[PDB]
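K.L.:
Please find the sequence and an experimentally derived structure below.
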Amino acid sequence: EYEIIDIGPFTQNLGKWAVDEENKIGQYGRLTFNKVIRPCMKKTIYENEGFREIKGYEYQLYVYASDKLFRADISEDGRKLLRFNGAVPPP
């Protein structure tokens, strides 16, 4: 269940991390961070086993980088950039 959050400093810093992670690959070239826009979605990732309930969180962000928009799926327990693809601006 992806719930919607507000685009504060934490959301802006999550998009900065994703842009810097895609920059590590060099696939999209040198991307410069601009802004994470709305909507930003958050979902709780529960553990599959063990004595801890919450494993981490997954974020779906719309980020501008190099004056272009990209969709970024991020997991933070541990930090993973699962998806980064050009995106059309949402309604």
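P.N.:
In hand now; what should we look at? Numbers count the residues shown, from 1 in each chain.

K.L.:
Now stretch 2-12: buried residues?
P.N.:
7, 11 (16 or more other Cβ atoms under 10 Å). C-betas here are computed from N, CA, C, even on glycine.

K.L.:
Return the distance of stretch 27-37 from the chain's centre.
P.N.:
Mean C-alpha position of stretch 27-37 versus that of the full chain (Cα atoms, centre = their mean, to the nearest Å) differs by 12 Å.

K.L.:
First-to-last residue distance for it?
P.N.:
Counting by Cα to Cα, to the nearest Å, you get 23 Å between the two ends of stretch 27-37.

K.L.:
Over to stretch 63-72?
P.N.:
7 Å.

K.L.:
contact partners of that stretch?
P.N.:
Under the criterion Cβ atoms under 8 Å, 6 or more residues apart in numbering, residues 15, 18-19, 22, 28-37, 59-62, 81, 83-89 lie in contact with stretch 63-72.

K.L.:
Show me how to select, in ChimeraX, the buried members of these.
P.N.:
The following ChimeraX line selects those of these that are buried, judged by 16+ other Cβ under 10 Å:
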select :15,18,19,22,28,31,33,36,37,59,60,61,62,81,84
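
K.L.:
ok, which stretches of the protein are strands?
P.N.:
3-5, 33-46, 54-65, 68-76, 79-86 (DSSP state E).
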